[PDB]
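Q: A single structure is presented below for examination.
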Amino acid sequence: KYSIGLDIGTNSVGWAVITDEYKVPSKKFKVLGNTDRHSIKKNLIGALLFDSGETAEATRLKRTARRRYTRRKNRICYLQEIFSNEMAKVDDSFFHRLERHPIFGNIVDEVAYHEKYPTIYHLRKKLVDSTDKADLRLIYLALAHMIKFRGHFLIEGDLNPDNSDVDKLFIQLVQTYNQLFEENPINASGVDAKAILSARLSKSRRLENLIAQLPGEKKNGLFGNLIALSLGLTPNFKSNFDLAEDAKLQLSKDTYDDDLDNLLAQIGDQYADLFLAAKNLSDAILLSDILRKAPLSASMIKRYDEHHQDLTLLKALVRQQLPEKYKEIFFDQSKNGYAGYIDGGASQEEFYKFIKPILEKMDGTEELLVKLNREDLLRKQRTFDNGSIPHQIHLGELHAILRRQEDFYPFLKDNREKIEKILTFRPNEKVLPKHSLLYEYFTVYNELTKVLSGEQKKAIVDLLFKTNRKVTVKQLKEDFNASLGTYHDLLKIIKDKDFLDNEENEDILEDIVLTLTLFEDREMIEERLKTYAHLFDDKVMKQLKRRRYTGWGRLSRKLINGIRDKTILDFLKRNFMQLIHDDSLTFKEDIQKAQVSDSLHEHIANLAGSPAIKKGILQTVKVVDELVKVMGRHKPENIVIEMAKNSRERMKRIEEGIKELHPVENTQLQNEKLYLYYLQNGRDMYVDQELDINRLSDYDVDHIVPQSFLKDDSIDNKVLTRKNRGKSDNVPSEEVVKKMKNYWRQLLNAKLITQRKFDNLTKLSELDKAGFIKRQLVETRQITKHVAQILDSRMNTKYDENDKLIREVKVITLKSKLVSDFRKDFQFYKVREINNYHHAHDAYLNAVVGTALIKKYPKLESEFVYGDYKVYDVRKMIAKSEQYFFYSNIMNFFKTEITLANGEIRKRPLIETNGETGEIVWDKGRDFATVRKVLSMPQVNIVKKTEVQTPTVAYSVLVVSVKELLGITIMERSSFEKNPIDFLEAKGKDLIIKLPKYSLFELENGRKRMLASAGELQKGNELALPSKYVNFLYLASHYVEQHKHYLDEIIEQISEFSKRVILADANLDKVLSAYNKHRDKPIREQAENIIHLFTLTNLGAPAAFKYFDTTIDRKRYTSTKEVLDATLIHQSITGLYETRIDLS
């Protein structure tokens, strides 16, 4: 019955709820405060504002080595379960043995394994290529290595030749680069990237070679650095972005993702896709190499073999021609020779610089020198050249091995899909040995829990189970399956009852029995036992080795003794199962959570993005959850999501242009008309009659491919005209005018117009239109796709009997431009500064436009809705003039009237419907009115998220001889969470009243405060400005004039607001005084400055601002005494559920 709209930014999340006719519901919510307000009516439209500070959430959103470790561990734990019962037949202690440390339980097998498989890739390759049956352990090892280091998931489908095409991905890179720099694109022309990047030369040389194809681009240029990143090098991006500190990037470096995030935080998340493109390019360069069995494993083996051939050669040479240097090069390890390279800490570059001269002086062989130049001489296994691998390549080998060994092992046939799913997927402890002292003890105690008093139990163990290997019932009566069989074993060897009986040693002995169970070979057992040798007599040590155990229990050590409350072992010494199943006791609670004992945060943490955007993404999810529960747990039909020098570049272009063939400074060039005046050298694009400044700009401007086919408001599609002379009919600028073109082409050589613009100017097929539609609907930005996926996953959980996913909720991703342009055409104007309502209004508009679009064109669903849907043939939807659309602009149906380029007019029906389903999508009479009404209403839930920090106060608490506010350091809080009263008393009781940062209080004529600190307050109010004034300000700023009397009204409004809530008398007087002086100023200049005046009224920290010549310094609310008698308001994330406190 409803849909959700979402606007997502780095410090805000806008949200709206919408019905079938685009109305925003009103709802009554209960108010849980002690105040005599019990319900409140609120509209389901709002915005959540958040800071980017040090908090628990923030840490949870960062990558951590431990989370990764646990992830991998779990995957392997799942792998081993599939192998368990079958591995039990081959090698019962195999998975317990695994992390030189031995894989196998006997030395013969271990040594043989390492001799046959010097690297894991040898094993992989052999398992991929051999038809012979293989030991299960080997199979496991290969599979486990594949699953452990599965690679990346950047590529969506089963690998195809486009994925390894250097040319195409290079083109992609340039494309994404060009979209981010409209003014100075790079031309792919006919560059043979493939040949330059794939060629076998130095990285630097390949870079330098590639840039030779790009004229006017420097090596240290952004693009050059990106290429250098894709090639394998470590470029520095600080010079490119004017960063204060160093920003070096290397794809091969383990910290790269984090480093990239670090960069993105500074320069903006808008640049993520640009670097992702570079990474993709890198992958292609590597992929084409391994492709031109198991190609990866083979390449690694080749690397290994080359390495050893070269090593032997080099050694021989150095023995022959430079014996003095031999010991140095191959053994010293503190030098930069081969020894330092392998077992020292030496760079490939340090090593190379070290041996470069030695090889040249030697003259034995230059082949090696060539290899050195290529940086392919003595490669190590522990590298990939600026790379993490596509998981698909590991998947291939996985499949191959399984297919190879499935005939010999049926359980592999049966579980194949399962095993694949582990790699592709997107208690903790291992059981004690069966003959462990602790386990044996547990069994006897648990069996003996009943036949009995706690003291007697201990007596009975100490008496019968201890003195006798097996205790029987007759014997018991004189004074039982479970036996302390190991306790007794170890007595005869150790011959010391205390050593056992003392509990402090148990943690040592567990290791001894474990060691005995782990290995079937005296040598190994000895080696491990050597560590505990000092306690033990040498006659004992020899005896210990012969003892061997071959079993595994069902329970872990921590389960038996690790868990709290007494332990299981202690409660036992009731009944174990009953102990597990009692809610009164803590274990049950421990276990149940312990199995699970965060995934969403972890998932968001591994996206490529700043901390802020990640926080945003996190908040959205919570907002959605709450809105769903607000709407009675019914799920929404649709969710629409959107993610919320240049002047100086323009100059460079112009200056570059005139160099081929009066002056203005930069700041002005933002005027499209002036910038266009300069790009064109004051010449009319369309009539060969020169353009001079003051009039013709005002005359007109024109789109090259009109608005009706698509909206391209970029200068790449725009030109300054006389707009009838050039355009003629709607088709691109008419044939008769192309006789003008020589002009344009000169402007091409000058780089004054781009190639595409010229192609369009010289130029409409069905095919173009088809491209044009997809262009306007498909969001390229990766992060939005990830957000979409996350939302879709949370919303759609149920599967039907056919195991197909049930999609209750469609997650729609909207291009920003559609809503921006929707705002343009129908005059729903935005002014960011008056309040924060625009974030909410954006969300509302997103949902409106999105839902309208799916209702109108459901066949295009595949282009902007998450999930897999049929990709219809666009050509069928395009029509001849009379028969969705002949005119390609998708937003056209909103308009009552489409103006063609020639000026001719196409009229549309008042009500727009879907012909196929007959559904009503848009009613121009009612619906636009509703939109305005929705934007016009003054009650919008704006919530500033409360934050707890982790000399900084985590939060302030209200204390009650007197009422006072008290800050809490992070250091103080822990013991405070332990020992409240003694803190509170040491400093100087009903109420625990932690006031998180930004806590909201209200007082007087609806005047609220936010608690920044126990020392300062922030304004707590949103100034609701009537829409008329908003539109007037937008229109006044963007140069009718009969509406000059509204300025005074706006200022009167601001002043009313300020005197009511801001309470900045001295500041306001100056503000008001300033307006009196500058009535003379023109309207534009007049309007722009009243905008700045809004920072006086803005919600948040007080700040300073300049009105014309005058400057108003900020005022701080340094007294927190107001808050103490005020009414606190605890806000939900949506702000819909409130709790209102006021002791007074």
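We name chains A, B, ... following the order of the structure tokens; residues begin at 1 in each chain, and ligands are numbered from 1 as shown.
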Can you pull out the residues contacting residue A:1129? Cut-off 12 Å, using only C-alpha atoms, and skip same-chain residues under 3 positions away; I want them as number ranges by chain.

A: A: 31-35, 37, 943-944, 946, 995-996, 998-1003, 1008-1011, 1020, 1123, 1126, 1132, 1135-1142

Q: Excluding residue A:570 and any residue of its chain fewer than 2 positions from it, enumerate the residues within 10 Å of it, using only C-alpha atoms, and give them as a ChimeraX atom specification.

A: /A:442,445,454,560-561,566-568,572-573

Q: Which residues, written as a PyMOL selection string, have at least one atom at most 8 Å from stretch 600-613 of chain A, with only C-alpha atoms counted and residues fewer than 5 positions away on the same chain left out?

A: chain A and resi 9-11+52+58+60-63+67+257+260-262+264-265+268-269+272+618+783+786

Q: Convert the current residue selection to file output with N, CA and C atoms, as a PDB file, in the first residue's frame.

A:
```
ATOM      1  N   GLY A   9      23.373  10.563   2.107  1.00  0.00           N
ATOM      2  CA  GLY A   9      24.577  11.378   2.070  1.00  0.00           C
ATOM      3  C   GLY A   9      25.558  11.045   3.182  1.00  0.00           C
ATOM      4  N   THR A  10      26.640  11.817   3.254  1.00  0.00           N
ATOM      5  CA  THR A  10      27.724  11.564   4.200  1.00  0.00           C
ATOM      6  C   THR A  10      27.444  12.102   5.603  1.00  0.00           C
ATOM      7  N   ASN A  11      26.470  13.000   5.725  1.00  0.00           N
ATOM      8  CA  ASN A  11      26.074  13.522   7.035  1.00  0.00           C
ATOM      9  C   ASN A  11      24.558  13.600   7.229  1.00  0.00           C
ATOM     10  N   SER A  52      30.407  12.672  11.888  1.00  0.00           N
ATOM     11  CA  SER A  52      31.420  11.659  11.645  1.00  0.00           C
ATOM     12  C   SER A  52      32.473  11.748  12.739  1.00  0.00           C
ATOM     13  N   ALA A  58      31.228   3.598  14.355  1.00  0.00           N
ATOM     14  CA  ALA A  58      32.329   3.964  13.468  1.00  0.00           C
ATOM     15  C   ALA A  58      33.414   2.888  13.450  1.00  0.00           C
ATOM     16  N   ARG A  60      32.948  -0.290  14.337  1.00  0.00           N
ATOM     17  CA  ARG A  60      32.323  -1.454  13.714  1.00  0.00           C
ATOM     18  C   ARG A  60      32.312  -1.375  12.184  1.00  0.00           C
ATOM     19  N   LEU A  61      32.412  -0.166  11.635  1.00  0.00           N
ATOM     20  CA  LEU A  61      32.357   0.024  10.184  1.00  0.00           C
ATOM     21  C   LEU A  61      33.741  -0.001   9.530  1.00  0.00           C
ATOM     22  N   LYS A  62      34.777  -0.224  10.332  1.00  0.00           N
ATOM     23  CA  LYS A  62      36.135  -0.327   9.811  1.00  0.00           C
ATOM     24  C   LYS A  62      36.536  -1.784   9.639  1.00  0.00           C
ATOM     25  N   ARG A  63      37.338  -2.057   8.616  1.00  0.00           N
ATOM     26  CA  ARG A  63      37.901  -3.383   8.438  1.00  0.00           C
ATOM     27  C   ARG A  63      38.833  -3.701   9.596  1.00  0.00           C
ATOM     28  N   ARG A  67      38.124  -9.796  12.220  1.00  0.00           N
ATOM     29  CA  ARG A  67      36.857 -10.120  11.563  1.00  0.00           C
ATOM     30  C   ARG A  67      37.125 -10.976  10.324  1.00  0.00           C
ATOM     31  N   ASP A 257      42.868  -1.216   0.420  1.00  0.00           N
ATOM     32  CA  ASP A 257      41.459  -0.880   0.572  1.00  0.00           C
ATOM     33  C   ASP A 257      41.266   0.201   1.637  1.00  0.00           C
ATOM     34  N   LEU A 260      42.646   3.413   0.403  1.00  0.00           N
ATOM     35  CA  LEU A 260      41.772   3.988  -0.600  1.00  0.00           C
ATOM     36  C   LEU A 260      40.649   4.695   0.126  1.00  0.00           C
ATOM     37  N   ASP A 261      40.085   4.030   1.127  1.00  0.00           N
ATOM     38  CA  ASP A 261      39.081   4.663   1.970  1.00  0.00           C
ATOM     39  C   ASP A 261      39.621   5.954   2.600  1.00  0.00           C
ATOM     40  N   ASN A 262      40.845   5.892   3.119  1.00  0.00           N
ATOM     41  CA  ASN A 262      41.500   7.077   3.664  1.00  0.00           C
ATOM     42  C   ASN A 262      41.561   8.203   2.643  1.00  0.00           C
ATOM     43  N   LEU A 264      39.552   8.485  -0.066  1.00  0.00           N
ATOM     44  CA  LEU A 264      38.178   8.846  -0.404  1.00  0.00           C
ATOM     45  C   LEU A 264      37.569   9.775   0.635  1.00  0.00           C
ATOM     46  N   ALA A 265      37.906   9.563   1.904  1.00  0.00           N
ATOM     47  CA  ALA A 265      37.425  10.445   2.965  1.00  0.00           C
ATOM     48  C   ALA A 265      37.796  11.909   2.700  1.00  0.00           C
ATOM     49  N   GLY A 268      36.456  12.803  -1.552  1.00  0.00           N
ATOM     50  CA  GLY A 268      35.051  12.582  -1.853  1.00  0.00           C
ATOM     51  C   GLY A 268      34.782  11.225  -2.477  1.00  0.00           C
ATOM     52  N   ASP A 269      33.678  10.612  -2.064  1.00  0.00           N
ATOM     53  CA  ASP A 269      33.317   9.265  -2.486  1.00  0.00           C
ATOM     54  C   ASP A 269      32.971   9.193  -3.969  1.00  0.00           C
ATOM     55  N   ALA A 272      35.489   7.091  -6.127  1.00  0.00           N
ATOM     56  CA  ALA A 272      35.652   5.655  -5.914  1.00  0.00           C
ATOM     57  C   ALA A 272      35.670   4.881  -7.231  1.00  0.00           C
ATOM     58  N   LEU A 618      24.646   2.709   6.829  1.00  0.00           N
ATOM     59  CA  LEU A 618      24.176   2.033   8.034  1.00  0.00           C
ATOM     60  C   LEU A 618      22.892   2.662   8.557  1.00  0.00           C
ATOM     61  N   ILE A 783      28.598   1.999  -5.424  1.00  0.00           N
ATOM     62  CA  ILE A 783      28.167   2.052  -4.032  1.00  0.00           C
ATOM     63  C   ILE A 783      26.631   1.985  -3.953  1.00  0.00           C
ATOM     64  N   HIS A 786      25.537  -1.563  -4.409  1.00  0.00           N
ATOM     65  CA  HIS A 786      25.726  -2.260  -3.136  1.00  0.00           C
ATOM     66  C   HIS A 786      24.617  -1.937  -2.126  1.00  0.00           C
TER      67      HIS A 786
END
```

Q: Need to verify the contact set: residue A:1023, 8 Å, only C-alpha atoms, exclusion of same-chain residues closer than 2 positions in sequence. Can you return it as a ChimeraX atom specification?

A: /A:834-835,1021,1025,1057,1097-1098

Q: Write down as a short mmCIF file (atom, residue, chain, number, x, y, z; two decimals) with N, CA and C atoms, in the first residue's frame the residues of stretch 433-604 of chain A whose backbone DSSP state falls under alpha helix (DSSP H).

A:
```
data_model
loop_
_atom_site.label_atom_id
_atom_site.label_comp_id
_atom_site.auth_asym_id
_atom_site.auth_seq_id
_atom_site.Cartn_x
_atom_site.Cartn_y
_atom_site.Cartn_z
N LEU A 437 42.44 -36.14 30.21
CA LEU A 437 42.14 -36.27 31.63
C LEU A 437 40.84 -35.55 31.98
N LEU A 438 40.68 -34.34 31.45
CA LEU A 438 39.53 -33.50 31.76
C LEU A 438 38.24 -34.13 31.23
N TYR A 439 38.29 -34.63 30.00
CA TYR A 439 37.13 -35.28 29.39
C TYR A 439 36.74 -36.51 30.20
N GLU A 440 37.71 -37.38 30.46
CA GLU A 440 37.49 -38.58 31.26
C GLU A 440 36.83 -38.22 32.59
N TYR A 441 37.42 -37.25 33.29
CA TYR A 441 36.85 -36.71 34.52
C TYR A 441 35.39 -36.31 34.31
N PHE A 442 35.14 -35.52 33.27
CA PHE A 442 33.79 -35.08 32.98
C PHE A 442 32.83 -36.26 32.80
N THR A 443 33.26 -37.27 32.05
CA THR A 443 32.40 -38.43 31.82
C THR A 443 32.06 -39.12 33.13
N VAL A 444 33.07 -39.42 33.95
CA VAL A 444 32.77 -40.09 35.23
C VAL A 444 31.89 -39.23 36.12
N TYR A 445 32.22 -37.95 36.27
CA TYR A 445 31.40 -37.07 37.10
C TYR A 445 29.97 -37.03 36.58
N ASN A 446 29.79 -36.77 35.29
CA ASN A 446 28.46 -36.68 34.71
C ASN A 446 27.67 -37.97 34.84
N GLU A 447 28.33 -39.11 34.65
CA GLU A 447 27.66 -40.40 34.85
C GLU A 447 27.34 -40.59 36.33
N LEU A 448 28.24 -40.12 37.18
CA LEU A 448 28.13 -40.32 38.62
C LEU A 448 27.31 -39.23 39.32
N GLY A 454 27.81 -33.74 47.06
CA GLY A 454 28.95 -33.14 46.39
C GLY A 454 30.29 -33.53 46.99
N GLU A 455 30.38 -33.55 48.32
CA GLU A 455 31.62 -33.94 48.99
C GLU A 455 31.92 -35.41 48.73
N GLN A 456 30.89 -36.24 48.87
CA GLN A 456 31.05 -37.67 48.66
C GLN A 456 31.50 -37.96 47.23
N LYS A 457 30.94 -37.25 46.25
CA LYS A 457 31.35 -37.43 44.86
C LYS A 457 32.88 -37.33 44.74
N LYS A 458 33.42 -36.19 45.16
CA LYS A 458 34.86 -35.98 45.17
C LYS A 458 35.56 -37.12 45.92
N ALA A 459 35.01 -37.51 47.07
CA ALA A 459 35.53 -38.68 47.77
C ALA A 459 35.56 -39.91 46.85
N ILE A 460 34.45 -40.15 46.15
CA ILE A 460 34.27 -41.37 45.36
C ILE A 460 35.28 -41.39 44.22
N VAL A 473 30.25 -52.12 40.42
CA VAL A 473 29.20 -51.84 41.40
C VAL A 473 29.39 -52.62 42.70
N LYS A 474 29.83 -53.88 42.58
CA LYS A 474 30.17 -54.66 43.77
C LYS A 474 31.23 -53.93 44.57
N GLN A 475 32.30 -53.54 43.88
CA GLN A 475 33.38 -52.75 44.47
C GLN A 475 32.86 -51.43 45.05
N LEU A 476 31.96 -50.78 44.32
CA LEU A 476 31.32 -49.55 44.78
C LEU A 476 30.56 -49.78 46.08
N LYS A 477 29.82 -50.88 46.14
CA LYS A 477 29.03 -51.20 47.33
C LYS A 477 29.95 -51.50 48.51
N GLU A 478 31.02 -52.24 48.24
CA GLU A 478 32.04 -52.51 49.25
C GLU A 478 32.55 -51.21 49.87
N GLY A 485 40.82 -43.81 32.62
CA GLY A 485 41.81 -44.66 31.99
C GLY A 485 43.14 -43.99 31.72
N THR A 486 43.13 -42.67 31.58
CA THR A 486 44.33 -41.92 31.22
C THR A 486 45.09 -41.47 32.46
N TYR A 487 44.35 -41.07 33.49
CA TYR A 487 44.94 -40.72 34.77
C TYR A 487 45.86 -41.86 35.19
N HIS A 488 45.36 -43.08 35.14
CA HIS A 488 46.14 -44.25 35.53
C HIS A 488 47.31 -44.53 34.60
N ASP A 489 47.07 -44.44 33.29
CA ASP A 489 48.14 -44.58 32.31
C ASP A 489 49.32 -43.71 32.69
N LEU A 490 49.05 -42.42 32.85
CA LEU A 490 50.11 -41.46 33.12
C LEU A 490 50.79 -41.63 34.49
N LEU A 491 50.16 -42.33 35.43
CA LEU A 491 50.81 -42.56 36.72
C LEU A 491 52.03 -43.45 36.56
N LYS A 492 51.82 -44.57 35.87
CA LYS A 492 52.86 -45.59 35.71
C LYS A 492 54.09 -45.02 35.02
N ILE A 493 53.87 -44.05 34.14
CA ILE A 493 54.97 -43.42 33.41
C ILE A 493 55.56 -42.27 34.22
N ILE A 494 54.71 -41.36 34.67
CA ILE A 494 55.15 -40.17 35.40
C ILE A 494 55.60 -40.53 36.82
N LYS A 497 51.81 -38.52 41.65
CA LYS A 497 50.37 -38.29 41.77
C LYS A 497 50.01 -36.81 41.97
N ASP A 498 50.91 -36.04 42.59
CA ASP A 498 50.63 -34.61 42.85
C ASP A 498 50.55 -33.86 41.55
N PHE A 499 51.57 -34.08 40.73
CA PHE A 499 51.75 -33.36 39.48
C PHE A 499 50.47 -33.34 38.67
N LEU A 500 49.78 -34.48 38.73
CA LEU A 500 48.45 -34.64 38.18
C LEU A 500 47.40 -33.96 39.04
N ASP A 501 47.38 -34.30 40.33
CA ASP A 501 46.33 -33.80 41.21
C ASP A 501 46.28 -32.28 41.34
N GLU A 506 47.16 -28.89 34.86
CA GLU A 506 46.20 -29.50 33.96
C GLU A 506 46.31 -28.91 32.56
N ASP A 507 46.46 -27.59 32.50
CA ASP A 507 46.62 -26.89 31.23
C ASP A 507 47.89 -27.34 30.50
N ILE A 508 48.85 -27.88 31.24
CA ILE A 508 50.04 -28.45 30.62
C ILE A 508 49.74 -29.85 30.11
N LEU A 509 49.12 -30.66 30.95
CA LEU A 509 48.88 -32.07 30.60
C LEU A 509 47.92 -32.27 29.43
N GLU A 510 46.92 -31.39 29.34
CA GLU A 510 46.02 -31.40 28.19
C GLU A 510 46.84 -31.42 26.91
N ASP A 511 47.93 -30.65 26.91
CA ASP A 511 48.82 -30.57 25.76
C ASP A 511 49.53 -31.90 25.52
N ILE A 512 49.89 -32.59 26.60
CA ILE A 512 50.59 -33.86 26.49
C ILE A 512 49.68 -34.92 25.88
N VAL A 513 48.48 -35.07 26.43
CA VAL A 513 47.53 -36.04 25.88
C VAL A 513 47.15 -35.64 24.45
N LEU A 514 46.91 -34.35 24.24
CA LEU A 514 46.61 -33.83 22.91
C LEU A 514 47.73 -34.19 21.93
N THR A 515 48.97 -34.01 22.37
CA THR A 515 50.13 -34.34 21.56
C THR A 515 50.14 -35.82 21.25
N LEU A 516 49.86 -36.63 22.27
CA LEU A 516 49.79 -38.08 22.09
C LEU A 516 48.72 -38.48 21.09
N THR A 517 47.58 -37.79 21.12
CA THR A 517 46.50 -38.08 20.18
C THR A 517 46.78 -37.53 18.78
N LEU A 518 47.44 -36.38 18.70
CA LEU A 518 47.69 -35.74 17.41
C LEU A 518 48.61 -36.54 16.50
N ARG A 522 56.80 -41.40 17.03
CA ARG A 522 57.60 -41.12 18.23
C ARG A 522 58.47 -39.87 18.10
N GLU A 523 59.03 -39.63 16.92
CA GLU A 523 59.94 -38.51 16.70
C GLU A 523 59.25 -37.17 16.99
N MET A 524 58.06 -37.01 16.42
CA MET A 524 57.28 -35.79 16.56
C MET A 524 56.84 -35.60 18.00
N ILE A 525 56.26 -36.65 18.56
CA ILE A 525 55.83 -36.63 19.95
C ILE A 525 56.99 -36.16 20.81
N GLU A 526 58.16 -36.77 20.61
CA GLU A 526 59.36 -36.36 21.33
C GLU A 526 59.61 -34.87 21.15
N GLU A 527 59.74 -34.43 19.89
CA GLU A 527 59.99 -33.02 19.59
C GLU A 527 59.05 -32.08 20.33
N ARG A 528 57.76 -32.40 20.34
CA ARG A 528 56.79 -31.54 21.02
C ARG A 528 56.99 -31.62 22.53
N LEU A 529 57.22 -32.82 23.04
CA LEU A 529 57.38 -33.01 24.48
C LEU A 529 58.68 -32.42 25.02
N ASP A 538 64.40 -38.01 32.38
CA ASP A 538 64.68 -38.45 31.02
C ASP A 538 64.22 -39.89 30.77
N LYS A 539 64.16 -40.70 31.82
CA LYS A 539 63.62 -42.05 31.69
C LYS A 539 62.12 -41.99 31.42
N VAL A 540 61.46 -41.01 32.02
CA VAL A 540 60.03 -40.81 31.84
C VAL A 540 59.72 -40.37 30.41
N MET A 541 60.55 -39.48 29.88
CA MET A 541 60.33 -38.91 28.55
C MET A 541 60.25 -39.99 27.48
N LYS A 542 61.16 -40.95 27.56
CA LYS A 542 61.21 -42.04 26.59
C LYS A 542 59.93 -42.87 26.71
N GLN A 543 59.54 -43.18 27.94
CA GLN A 543 58.33 -43.94 28.21
C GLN A 543 57.06 -43.25 27.71
N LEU A 544 56.97 -41.93 27.89
CA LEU A 544 55.79 -41.19 27.45
C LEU A 544 55.50 -41.35 25.95
N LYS A 545 56.55 -41.39 25.14
CA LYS A 545 56.39 -41.44 23.69
C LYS A 545 55.60 -42.65 23.19
N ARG A 546 55.80 -43.80 23.83
CA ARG A 546 55.19 -45.03 23.35
C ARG A 546 53.69 -45.02 23.53
N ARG A 557 36.92 -27.88 25.49
CA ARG A 557 37.47 -27.64 26.82
C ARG A 557 36.72 -26.52 27.55
N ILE A 568 30.60 -26.07 34.54
CA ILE A 568 29.91 -27.34 34.35
C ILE A 568 30.57 -28.40 35.22
N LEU A 569 31.90 -28.44 35.17
CA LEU A 569 32.67 -29.39 35.96
C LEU A 569 32.37 -29.21 37.45
N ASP A 570 32.13 -27.96 37.85
CA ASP A 570 31.86 -27.65 39.26
C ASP A 570 30.42 -27.97 39.67
N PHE A 571 29.44 -27.62 38.85
CA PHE A 571 28.05 -28.00 39.13
C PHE A 571 27.94 -29.52 39.14
N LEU A 572 28.68 -30.17 38.24
CA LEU A 572 28.72 -31.62 38.18
C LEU A 572 29.30 -32.18 39.48
N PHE A 576 24.31 -32.53 33.65
CA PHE A 576 24.85 -31.78 32.51
C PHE A 576 23.82 -31.28 31.49
N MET A 577 22.97 -32.18 30.99
CA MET A 577 21.96 -31.79 30.02
C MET A 577 20.99 -30.80 30.66
N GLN A 578 20.65 -31.06 31.92
CA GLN A 578 19.75 -30.20 32.66
C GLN A 578 20.46 -28.88 32.94
N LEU A 579 21.76 -28.95 33.15
CA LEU A 579 22.58 -27.76 33.35
C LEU A 579 22.56 -26.90 32.09
N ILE A 580 22.68 -27.53 30.92
CA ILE A 580 22.58 -26.81 29.66
C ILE A 580 21.18 -26.23 29.44
N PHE A 587 24.58 -20.75 31.34
CA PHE A 587 25.19 -21.39 30.17
C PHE A 587 24.27 -21.31 28.97
N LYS A 588 23.04 -21.81 29.11
CA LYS A 588 22.07 -21.79 28.02
C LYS A 588 22.11 -20.46 27.27
N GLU A 589 21.97 -19.38 28.03
CA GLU A 589 22.08 -18.03 27.50
C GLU A 589 23.44 -17.83 26.85
N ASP A 590 24.49 -18.33 27.48
CA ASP A 590 25.83 -18.21 26.91
C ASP A 590 25.87 -18.92 25.54
N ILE A 591 25.67 -20.23 25.54
CA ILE A 591 25.66 -21.05 24.32
C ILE A 591 24.85 -20.44 23.18
N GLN A 592 23.54 -20.26 23.41
CA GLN A 592 22.63 -19.81 22.35
C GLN A 592 23.17 -18.60 21.60
N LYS A 593 23.58 -17.58 22.35
CA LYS A 593 24.22 -16.41 21.75
C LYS A 593 25.62 -16.77 21.25
N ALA A 594 26.29 -17.69 21.95
CA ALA A 594 27.70 -18.01 21.67
C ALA A 594 27.90 -18.59 20.29
N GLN A 595 26.95 -19.41 19.83
CA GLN A 595 27.01 -19.92 18.46
C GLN A 595 27.14 -18.77 17.47
N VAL A 596 26.34 -17.73 17.67
CA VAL A 596 26.34 -16.57 16.79
C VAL A 596 27.43 -15.57 17.18
N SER A 599 27.58 -8.75 11.24
CA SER A 599 27.57 -9.06 9.82
C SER A 599 27.24 -7.89 8.89
N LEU A 600 26.19 -7.13 9.19
CA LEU A 600 25.82 -5.99 8.36
C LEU A 600 26.95 -4.97 8.37
N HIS A 601 27.46 -4.69 9.56
CA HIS A 601 28.52 -3.71 9.76
C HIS A 601 29.78 -4.19 9.04
N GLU A 602 30.01 -5.50 9.13
CA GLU A 602 31.15 -6.13 8.47
C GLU A 602 31.02 -5.99 6.96
N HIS A 603 29.82 -6.21 6.46
CA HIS A 603 29.54 -6.10 5.03
C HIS A 603 29.73 -4.66 4.55
N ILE A 604 29.17 -3.71 5.29
CA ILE A 604 29.33 -2.30 4.95
C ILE A 604 30.80 -1.88 5.08
#
```

Q: Identify, on the basis of only C-alpha atoms, every residue whose closest approach to residue A:650 does not exceed 9 Å; exclude the query and any residue fewer than 2 positions from it along the same chain; express the result as number ranges by chain.

A: A: 183-184, 645-648, 652-655, 666, 669-670, 675, 679

Q: Which one of A:86, A:217, A:1122, A:496 sits closest to residue A:1014 if you count only C-alpha atoms?

A: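 Ranked by minimum distance to residue A:1014, first place goes to A:1122.
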
Q: What does the distance between atom CA of residue A:625 and atom CA of residue A:7 come to in Å, to one decimal place?

A: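 Between atom CA of residue A:625 and atom CA of residue A:7 the gap is 15.5 Å.
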
Q: I'd like the contact shell of residue A:922 - 12 Å cut-off, only C-alpha atoms, skipping same-chain residues fewer than 2 positions apart - returned as JSON, numbers by chain.

A: {"A": [20, 21, 22, 848, 849, 851, 852, 853, 854, 855, 856, 891, 892, 893, 894, 895, 896, 908, 909, 910, 911, 912, 913, 914, 919, 920, 924, 925, 926, 927, 928, 929, 930, 931]}

Q: Please list as a PyMOL selection string every residue within 9 Å of residue A:1047, counting only C-alpha atoms and excluding residues in the same chain fewer than 3 positions away.

A: chain A and resi 1029+1032-1033+1043-1044+1050-1052+1086-1087+1090
